[PDB]
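A short write-up of the structure that comes next.
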Amino acid sequence: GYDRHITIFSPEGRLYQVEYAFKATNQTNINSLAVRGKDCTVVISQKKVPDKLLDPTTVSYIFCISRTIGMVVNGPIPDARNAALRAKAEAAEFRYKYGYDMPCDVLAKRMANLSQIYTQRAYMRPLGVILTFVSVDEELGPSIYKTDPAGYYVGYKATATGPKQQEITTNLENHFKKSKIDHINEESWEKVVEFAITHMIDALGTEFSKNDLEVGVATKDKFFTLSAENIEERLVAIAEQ
Amino acid sequence: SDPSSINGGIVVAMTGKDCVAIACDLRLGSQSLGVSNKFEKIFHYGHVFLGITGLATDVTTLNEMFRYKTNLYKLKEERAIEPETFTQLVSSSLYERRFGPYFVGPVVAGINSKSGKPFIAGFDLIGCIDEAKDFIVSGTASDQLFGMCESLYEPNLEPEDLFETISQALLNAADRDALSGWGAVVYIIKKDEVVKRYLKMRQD
Amino acid sequence: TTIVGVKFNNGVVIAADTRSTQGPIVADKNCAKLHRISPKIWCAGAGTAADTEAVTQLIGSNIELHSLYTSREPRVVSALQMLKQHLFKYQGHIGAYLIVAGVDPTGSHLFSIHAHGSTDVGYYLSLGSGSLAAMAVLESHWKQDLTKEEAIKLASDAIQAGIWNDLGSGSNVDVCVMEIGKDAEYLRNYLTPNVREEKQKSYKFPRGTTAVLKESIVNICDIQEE
Amino acid sequence: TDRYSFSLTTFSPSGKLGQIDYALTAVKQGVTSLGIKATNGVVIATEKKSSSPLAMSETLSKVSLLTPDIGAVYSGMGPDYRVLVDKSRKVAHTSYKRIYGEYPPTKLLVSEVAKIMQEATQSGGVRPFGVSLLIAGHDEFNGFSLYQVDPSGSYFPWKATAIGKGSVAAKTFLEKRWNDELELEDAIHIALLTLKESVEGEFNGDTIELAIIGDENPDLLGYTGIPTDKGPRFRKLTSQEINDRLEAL
Amino acid sequence: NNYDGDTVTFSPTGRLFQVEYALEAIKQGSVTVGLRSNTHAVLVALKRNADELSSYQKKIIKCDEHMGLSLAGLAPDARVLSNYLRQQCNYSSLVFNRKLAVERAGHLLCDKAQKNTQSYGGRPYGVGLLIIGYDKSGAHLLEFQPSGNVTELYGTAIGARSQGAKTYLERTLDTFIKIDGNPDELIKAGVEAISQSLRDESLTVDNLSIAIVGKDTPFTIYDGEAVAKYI
Amino acid sequence: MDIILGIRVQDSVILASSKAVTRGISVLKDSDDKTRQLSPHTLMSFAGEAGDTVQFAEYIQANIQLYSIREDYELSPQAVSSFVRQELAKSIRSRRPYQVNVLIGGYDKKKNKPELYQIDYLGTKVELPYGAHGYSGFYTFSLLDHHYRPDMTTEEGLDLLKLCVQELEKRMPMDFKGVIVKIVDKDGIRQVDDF
Amino acid sequence: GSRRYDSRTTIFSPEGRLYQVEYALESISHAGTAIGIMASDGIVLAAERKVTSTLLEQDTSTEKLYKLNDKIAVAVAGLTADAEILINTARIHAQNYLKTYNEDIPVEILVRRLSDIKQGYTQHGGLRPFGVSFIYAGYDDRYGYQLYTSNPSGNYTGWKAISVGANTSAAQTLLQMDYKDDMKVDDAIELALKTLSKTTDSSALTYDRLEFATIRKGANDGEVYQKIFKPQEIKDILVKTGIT
Amino acid sequence: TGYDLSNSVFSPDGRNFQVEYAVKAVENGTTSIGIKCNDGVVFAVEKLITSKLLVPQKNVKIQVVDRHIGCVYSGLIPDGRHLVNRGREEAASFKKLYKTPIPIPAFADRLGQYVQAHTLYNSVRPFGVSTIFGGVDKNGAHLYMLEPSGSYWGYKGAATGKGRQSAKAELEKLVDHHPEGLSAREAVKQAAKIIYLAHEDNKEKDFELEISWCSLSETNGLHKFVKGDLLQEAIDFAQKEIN
Amino acid sequence: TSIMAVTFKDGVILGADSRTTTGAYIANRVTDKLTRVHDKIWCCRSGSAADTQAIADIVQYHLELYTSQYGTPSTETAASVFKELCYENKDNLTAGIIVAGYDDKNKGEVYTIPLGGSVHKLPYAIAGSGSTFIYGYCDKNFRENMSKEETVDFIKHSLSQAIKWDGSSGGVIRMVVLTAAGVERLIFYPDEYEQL
Ligand SMILES: [Mg+2]
Ligand SMILES: [Mg+2]
Ligand SMILES: [Mg+2]
Ligand SMILES: [Mg+2]
Ligand SMILES: [Mg+2]
Ligand SMILES: [Mg+2]
Ligand SMILES: [Mg+2]
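Protein chains in written order, with the working numbering: chain C, 74 to 314; chain W, 274 to 477; chain H, 26 to 251; chain Z, 8 to 256; chain X, 22 to 252; chain S, 143 to 337; chain L, 178 to 421; chain P, 8 to 250; chain Y, 5 to 200.
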């Protein structure tokens, strides 16, 4: 049973250590979701600060990888920050060597290749994280690319990750079946954020205060996260209609 | 002391009508001293011919190296290397020694076995390819060869006329160079016969 | 060598003469000095010819792999950055002086790069021994908002100034036009103003003129069956 | 420091290399892919089995250009395939194009990929690749060809074949229909017919990935003016081009 | 048990068994005592012979003019660690013209031992050490365990039956700490403390090893006839 | 060191090598043997920089003796000379090149032919009816060019060699203290003990 | 740490055997049979491909017989991918030797090198051995025509006739029965095919399941020719020796 | 099973048992705490007096990094020293390239990445310490706590070791009773009390209190040990509250 | 080359000529010597063009990675990174760099890193071959806390004179203004500044 401890094949052609790394990915009990506007890419994630001794401003699973790229992580924070540091190093190096900003999809591929290596080389363990990369790419426009512990990645019209990803996913699928377009047809990112929060509320059947969420927004030439007060203003607009 | 003129020698190649020719002198010396009159500078790997002038130790080393590489090429590709392909290989191989080069002036001649097209090329010691439609020259009498070829050459010579043209270009170039001569060989190459001729020339 | 690059309305044009020399001797009368880094990024090189070819091929190879990796068309700034960092590391020992022009999804571009690794930006550039002759023409006739036809005209006039006035340059003009939203068009021997006049005499020999000691057939065939 | 400097694939008492057998089992589970060689071309094809409908599956390319005249498809572990494609593209340059100034012939690029796969089967501290590849290509002196490469590093040339899930059925289907006079359009038609059998759901241009090695495409070169450069022989068919041939089915 | 095959494995209760087993080798070692006043610091060590034909194994090692130690456990490990201390004392003198503080020596030993407890292929050191010295802040005594724990003390003992000596020193604390300017009295309290750990045998002239360092006293080791005075 | 000559006649190869060893101002020795037997039918003479000559020669000898034992077989003179050439060609691009020139005289037992190879310190190899290194050729080649015949006997080879050495002793400024002469033929290697 | 997962590929059993070598030999015993036969005027190599298919491109396929240089070929039994690693190494050693001495490598010197490489994997490095046995057919001007085999232990031996792969016990008995010293290449060709015919686990022996080669001084005058038979030529020699 | 025999192995429920066992060594250690005040941080630790023979004040546990950061830990003391040695190298290399002393959040991640690295391989063992650390930088005071998994967050107050539950509840009261904040001087007094309270779970032996602080107003943003009179006054204030 | 940077009330301004020469030939008459390493941290380069471009590209990379991890770097931090490269590779570089930047805490700052890789924080700095000719002029005319218009005038008049006397300086005068309000680029042509 040592084929269970390291990344070698089981007799059914499976990699158990990879499968168990996916299981670690839900250990924070956080759900996240990402959607695309006409001009922007929005990512939201639940925020849970279960201890009163915590400084809540330091509790985050959203990362500013470069000026243009944001990353939300589903998984434990040590592995999340390992991935974040590496992604930051890769994006900076890419710009130095090739003279232009690393695209969201190329960074996702690169991080996915690194992950593939951990599934083939025995001395390295997979990271127990799923990485959702967002930007407004200069060639491809609003972009969502997500990586997992198998070294798989793909681009998304929209996506969700966490213990309740299925509910959010089906909710999002239902909306896009209706609208028949690959994105939220909204001018302003404020409204795309409101859409994103609204559909998370429907899908999880729970309400949010301003401290229950984390929001990241990508626009042309920048990614930024919202303060509790920008989020409050979002929540207020949702309630008043 | 200049490594490319210690041993002396020349090579010239020309294209004609459905043929190519490549020729060389036979001298090897140590500066003023004539050492050998049987030092041939043209080699072949299948149907591709390579002439090399310059430092004689490097001439021999490079022949052995290209025999080595074309033998492996053949075992793996299951066909003989072509002139165009071999030309790239010579260039690659020379440039890999960019900062400690072989002191040589190689010349490739042959006919592509598929297209039937005559091919020649020359290189500087560091792999820069000169691919000439007409003729290529190399060695300690290269100025003299440029002079001979530029006036004697005309396109589309029949193999037997090309032989006279290239022979006369070599012979008279060599006789104006102290470090070239002591015999000469001319290869006339067609798609499926190659004839080799040793010329009679002055032995001083 | 004379090489120039000229920006115009919707693109960029590069041009070069076709003489390569070894000291005062013309080694090749119809050299090709316009190199392809990628389909729409071309460069022209002066200095050590092996180096301009080699550095162009190497970065071209790595640019192609980069392109496949990123599923994007290559950018001129990438070729530029990779070239300059390679050259800088070799401290001028790789004797490549290049004009790099191209179009990519980002627009149209024109840069020069010097063997030690410095680069520059401009609307018109010249390099090589003929560059002062070329630059005199460019400084006299360049203007903003050139058309394609005007830029081709200017670029080849600038090469001609090198051809006629610089002993290091001669023979023909090669041009390559890179226009936004189009295939790059390579115009080999765009101008041919130096064809040799017919000689006074034919120097074809009577057969049997040359003295021969020996003949033999050379076996170019592999070891035979049976 | 990687302290696994010993083989993770070894011979069992019965002579089996377990990890290779298990890699082959992972390939067996994989989505079906196939290739067919015609007189004037080769076709490779597979199903784009999208993981969710929110996934944009045109951003996941199962059929890959390796050189302008060589393409590849796989069955098995997608991520293993993706890294092999990166290495294969590179080795085509480093161990061939930077030496001979031309792209490698199909059989030698296959040889290089195969060697990489063999080494993952013997080198210290790694597992074999969990993929089988089908590699289609053209070169001047060997013409059109099609190869399969397995997790062991073994490769074989085929007239037509299939790998993954429905391969036993697909191979029997292909043996009936293959002859040495097929024209590329015939082989495409047969590929589409064969592939329909192993596909459950949707079967259209958006769920099928199909590429050919055929004629040179000067329109895909990106530049004009060099007579000898005539364009890549590899071409991926569009969604629309597949659907046009699905009415003719 | 399933967790004691190497030093890189915690047990389910958070223990490191290879380290605990290393600690066990000290317990089998012959007793050695250390104690100090405000002017001097003393080591006393009961040396062990193999049989009547054999020498008594030395227990005390000089590290510098102002510093030295005694060992209990694997003697070759004491040699490795004392050699390291000599080098570090030496480095401090040569580079900074400064005598290495005893406290700093303790920190360096801790860190050297720690590395052998956290990596594959290593083993912990199987020796305990008592380090005495006199530096710019006076007399010092340190106890080192191969877990890497180093502790500053007025007095202590390690090795087989060290518990007797240790209890004695605990009662005497208020007396021996005041033995300033009288080297011989401090040594007596040391020989008395170590006597609380003998059984079957007693302190003989080839049995007993004493070292002392202090105010105007280079670290010096007494063996043989030079300890008869205290027997 | 200074003079080394070789001549290949009908059935043997003869190597003649000077005896002097000169450390600047004094002739330290007048009986030095500038040669090593590489195999029973292959002899190598050498000249060039002090120390490097003998070091190179003994290194080559050790290698050929190793090959002979490993394969229970004597390499042909051509094969030995190719091995030696490669070593010098590799050495010339070394940190400190061997400054050593050699003649290899061997009798090929398979072809029943004597063979003489001349190789300089650059790895420049040539097969010759007669050869030399240094200035020796400048004084002797006009004589060899005149009298040499490919069908000469061993004794005629020695007489032509005597004439070469006499011309060297006449016109050469340095006193090289005569030569040691060795013959390589089908029966192996022997030293002519009065010359 | 990592020790836990180490198979220890290079240890003796208590009987003084090498486990991995023994198990590699077991693997090799399921490979298609290969046969070499040495005559006075040349050598024959004959080998059976492992169960084909009608869609396999035979004329571009090689799985058993490989050229090492113009004078030396091998027949492979075992893991094909492993074999190609070793084959490419041997091709390089041959060229290294030719470059160094300007003479073609003698057959045994090549065989010994490849065998030493295999031996190394059984003694150091902790890697699995190569799952390959070779038959070497070649010519040099010292010993003339020669046959050798090597196996995963790196042991090699010389033979007048030999088999490797499946059913070598049966094959070897049959070769030993009919082999004679004064036998000629055309006789050896027939013996090789007759032997494969009888030992095959297939229903019949057809051209599409064979690879075939001869090394003959049937190259004009003192020189040697290798001939890797095309599918049609294997078909003809099956008819001519009356097996089909 | 056997999933808990080797570091970096995921169990079937996605856990790294060797890290969880490291936490047991931490829970077994003495109590250590930190309190973030108005313009600084305070650190305090319980030091068990195993014997009379321990020289009082002399086995110092709190460690400075650079000049502005304090670190305290519970668990295996040598592991904590190893982590601080690494932290000192990271701080030095940051200051060398960037000039400015390392900011506290930047320093937190340096320790976090290093501790996390020791959960990636089976050739190393996780750290058997939880570390409370922080100080003052250009954006104010920062307090952090870092676990054997590499996990860390910023805190208002923090505690670890055997008396962690007791300390936490005490720390929570302070957070509730002072939304505006605590002065550095108040924080020292409170820290002394909380260690005295938490020492119940360790009552067998007596202990020695050790406190340190960095405060913009009280120490000029440098890390200093609380000594002499100010220490005594905090010991007294603590004695009172446990009486 | 003539380059300078000047702190003033609202921040800092950088100025440069646009001439780069190979001997007496003007290889480029419209060079941009004002190079951006971060949004509001710029530098002017003098010495080897290859070296200063290599250095600036590396610094830009470093500050991009610094920003990703730790937020906006100070001007001092940028100067320190420059200095580290110039000092440690002093044997193989010919680079004289002025670093200028705007913080909201620190406002406008100027650091000069001369040939040996020392660093010097200054109210203003001048460098390049042209600067020799304006040491007297700049020292007489610089005041602290000038307005934006005054600082533009000071730089324009200063570089005017450097260009007048230095054959290696010329072309256009380029400037970059760094304040709370943003980043403003200015350019002045010969027909303006030659008449001053
Ligand atoms: Mg792994
Ligand atoms: Mg001549
Ligand atoms: Mg003459
Ligand atoms: Mg001559
Ligand atoms: Mg430089
Ligand atoms: Mg020579
Ligand atoms: Mg001026």
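By construction, the Cβ of each residue, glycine as well, lies at the ideal position given by its N, Cα and C atoms.
N- and C-terminal bounds of the alpha helix (DSSP H) containing residue i
i, result
"P:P85", "84-105"
"Z:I195", "191-205"
"H:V243", "Premise fails: H:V243 lies in the beta strand (DSSP E), 237-243, not in any alpha helix (DSSP H)."
Beta carbon proximity, residue i to chain C, threshold 7 Å
i, result
"Z:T214", "no"
Test: residue i CB closer than 7 Å to a CB of chain S
i, result
"L:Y278", "yes"
CB contact below 7 Å: residue i versus chain Y
i, result
"H:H134", "no"
Within-7 Å CB hit, residue i to chain H
i, result
"Z:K97", "yes"
"L:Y200", "no"
"Z:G238", "no"
Nonlocal neighbours in the same chain, by C-beta distance under 8 Å from residue i, ignoring five residues either side
i, result
"W:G389", "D291, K464"
"X:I208", "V63, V65, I231, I233, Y251"
Run of the beta strand (DSSP E) containing residue i, from where it starts to where it stops
i, result
"H:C68", "66-72"
"Z:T53", "48-54"
"P:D183", "Careful: P:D183 lies outside any beta strand (DSSP E), inside the alpha helix (DSSP H) at 171-184."
Own chain, CB closer than 6 Å to residue i, minus 5 neighbours either side, in chain order
i, result
"X:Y112", "none"
Residue-chain proximity (residue i, chain L), Cβ-Cβ < 7 Å
i, result
"W:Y341", "yes"
"Z:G160", "yes"
For the structure I just gave you, are there three or more beta carbon pairs, one from the region 144-164 of chain C and one from the region 183-194 of chain P, closer than 8 Å? They do not touch, by the three-pair rule.
Name all residues in chain order for which at least one heavy atom of ligand 4 lies closer than 7 Å to the residue's CB. Those satisfying the condition are, in chain order, W:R300, W:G302, W:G307, W:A451, W:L452, W:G454, W:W455, W:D477.
Please list, following the chain, all residues that have a C-beta closer than 6 Å to any non-hydrogen atom of ligand 7. Any residue whose Cβ sits closer than 6 Å to a heavy atom of ligand 7 makes the list: Y:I167, Y:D170, Y:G171, Y:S173, Y:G174.
Under 8 Å: do the region 410-419 of chain L and the region 51-64 of chain P share three or more Cβ pairs, one atom per stretch? Verdict: no, contact absent.
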